[PDB]
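Okay, here's what each chain looks like letter by letter:
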Amino acid sequence: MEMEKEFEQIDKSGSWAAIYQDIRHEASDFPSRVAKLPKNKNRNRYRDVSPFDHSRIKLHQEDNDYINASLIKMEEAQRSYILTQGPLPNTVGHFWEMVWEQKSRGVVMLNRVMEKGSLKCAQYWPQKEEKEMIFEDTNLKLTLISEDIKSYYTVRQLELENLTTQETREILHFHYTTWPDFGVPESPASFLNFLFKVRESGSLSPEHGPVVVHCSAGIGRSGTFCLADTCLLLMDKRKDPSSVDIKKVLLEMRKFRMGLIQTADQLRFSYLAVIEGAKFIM
Ligand SMILES: CCc1cc2c(=O)[nH]cnc2s1
């Protein structure tokens, strides 16, 4: 079926939970043996969210190459994304090592450091220009260059230096700051505006490594971001845009990382975002 009328048909019939459970039943199951090794317990935020072995990002290190991060490669859309958990106190150096080694231009953050009164990720970037951060375990230096605070999101320019080679690179940090503590946003308008700002920066384009996107677990809000982006790109590429099947795209992405889209409300919100976004594109 088309999207917008499939949408109204699920609303009127109140069957979002059944649709979402079907997706959960059909989703791929691949091994995640490296994630579960005992030496990696303090590298995982949640015991039930792990990268598959076949698509995990490897650190260029011979001691321990493990990080909780996955490469999502979308062949028809010609887009790639790295989805990862919010960094932990003992993985902030690994996080920036990955950004460096994978040649990423942008980092997309969809959570606040504290939500619901608890810490959802480490304070992994510097908050003042004159107070830079050094990650001694991976030999990187990170400096805040500039910060632009808007009503729904903040953009930061960061400098990452590889202290071993003295090479430097400019990284863009796109921080969506207004996702509510409970539920999903009422309108997708500010989320779509944010997606378009990431796109306009070059951070999603083939001349760079894959964008790094995270929330707390790296599957829920993060899944909504890449699912909406890929669906809108396919609607632009194909002769028949109504042939884009959001459930099929989501199942394809779940071949690369488990659990993408965590609730039936996130599923409904993803439909809403793609529907509204397709009108603005034209
Ligand atoms: C001025 C260009 C824009 C495109 C776009 C979109 O596709 N979705 C949401 N906001 C915008 S702004």
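Residues numbered from 1 in each chain as written, not as in the entry; some residues may be left out. Heavy atoms only, no water.

In its metadata, the entry names X-ray crystallography as the structure determination method and reports 1.8510 Å as the resolution.

Here we take up the pattern of salt bridges. When the charged atoms of two side chains lie near each other, side chains of opposite charge can form a pair. Going through the model one piece at a time under the given rule, you end up with 18 salt bridges. Between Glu-4 and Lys-279 there is a salt bridge, with the nearest N and O atoms lying 3.7 Å from each other. Separated by 275 residues along the polypeptide, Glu-4 in helix α1 (residues 3–13) and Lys-279 in helix α7 (residues 264–281) bring together distant segments of the chain. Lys-279 sits in the partly exposed class, given a relative accessible area of 48%. The partner of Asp-65 in a salt bridge is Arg-56, and the shortest N-O contact between them spans 3.0 Å. The exposure class of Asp-65 is partly exposed, given its relative accessible area of 21%. Judged by relative accessible area, which is 12%, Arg-56 ranks as buried. Within this structure, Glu-6, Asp-245, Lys-247 and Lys-248 form a network of salt bridges that share partners. (Salt bridge = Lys/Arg side-chain N within 4 Å of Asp/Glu carboxyl O. Helix = DSSP H or I, 4+ residues; strand = E, 2+ residues; numbered from the N terminus. Buried < 20%, exposed > 50% of the residue type's maximum accessible area, 1.4 Å probe, protein only.)

Working definition: the strands of a sheet are paired by backbone hydrogen bonds and lie parallel or antiparallel to each other. Judged by pairing direction, the sheet is mixed, and its nine strands sit side by side in the order β1-β2-β3-β11-β4-β10-β9-β8-β7 without closing on themselves. Taken across any chain shown, the strands that pair with only one partner, and hence form the sheet edges, are β1 (56–58) and β7 (133–135). Looking at each pair of strands side by side, their axes are set apart by 30° on average, direction ignored. With six bridges connecting them, strand β2 (residues 66–74) and strand β3 (residues 79–84) associate as antiparallel partners. Residue pairing for β3: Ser-70 is matched across the bridge by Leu-83. Packed on one face of the sheet, helix α5 (residues 221–237) meets β2, β3, β4 (106–109) and β11 (211–214) and runs near 175° to β3. (Pairing = 2+ DSSP bridges. Axes fitted to C-alpha atoms, helices over the stretch in contact; angles between N-to-C directions. Contact = heavy atoms within 4.5 Å.)

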